[PDB]
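Okay, so here's the structure we're looking at.
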Amino acid sequence: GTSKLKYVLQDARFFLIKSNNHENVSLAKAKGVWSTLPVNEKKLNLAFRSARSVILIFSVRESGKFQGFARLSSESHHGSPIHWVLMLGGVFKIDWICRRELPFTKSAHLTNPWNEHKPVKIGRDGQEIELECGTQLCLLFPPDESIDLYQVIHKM
């Protein structure tokens, strides 16, 4: 069902994360980590302290799709190096909420007030997505029955 998902997204903040290649998103899915340029690292650390949940919604450039979404479980911290394909700051730990894809064609009815009401697929890496549009975007994804949000809820 969708009820634990809606609970996780209650009063959350949402950020569009753009990746240049699929390999980086695959690494993030396997290891539960993300890293970003310093301008976005500061924004996400501020958001992590400000909100019950901070959700990163991932899209690989030119793919025409989002590749899933995850919740920050930590602020950034400077561990085992990660063989990203590229200056990058610290490492955020993340819990995946959905590892399934969603095509941009399916989110055409959602506009982001914090980016001039352009379709939510449009935005620079780090663009914040307003609460309502972000919640509806996350609910469009196909359910990921491999994930149990019980442990995610316990970290909030």
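Heads up, residue numbers simply count up from 1 along the chain you see.
Cβ coordinates come from backbone N, Cα and C, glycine included.
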Note: Swiss-Prot has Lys18, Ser19, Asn20, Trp34, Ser35, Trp84 binding RNA, and from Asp95, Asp125, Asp144 that site also includes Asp125
The correct three-state DSSP answer for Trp34 (RNA binding site) is strand
Residues sitting within 8 A of the centre of the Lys18, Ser19, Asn20, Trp34, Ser35, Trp84, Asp125 CB atoms (RNA site), not counting those, run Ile17, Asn24, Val25, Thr36
For the deposited structure, the Cα atoms bordering the 7-residue gap, namely those of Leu86 and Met87, are apart by a whole number of Å, specifically 10
Here the Cα-Cα span from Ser19 (RNA binding site) to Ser80 (phosphoserine), rounded to a whole number of angstrom, reaches 21
Ranked by how many other Cβ atoms lie within 10 Å of their Cβ, the binding-site residues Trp34, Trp84 are led by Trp34
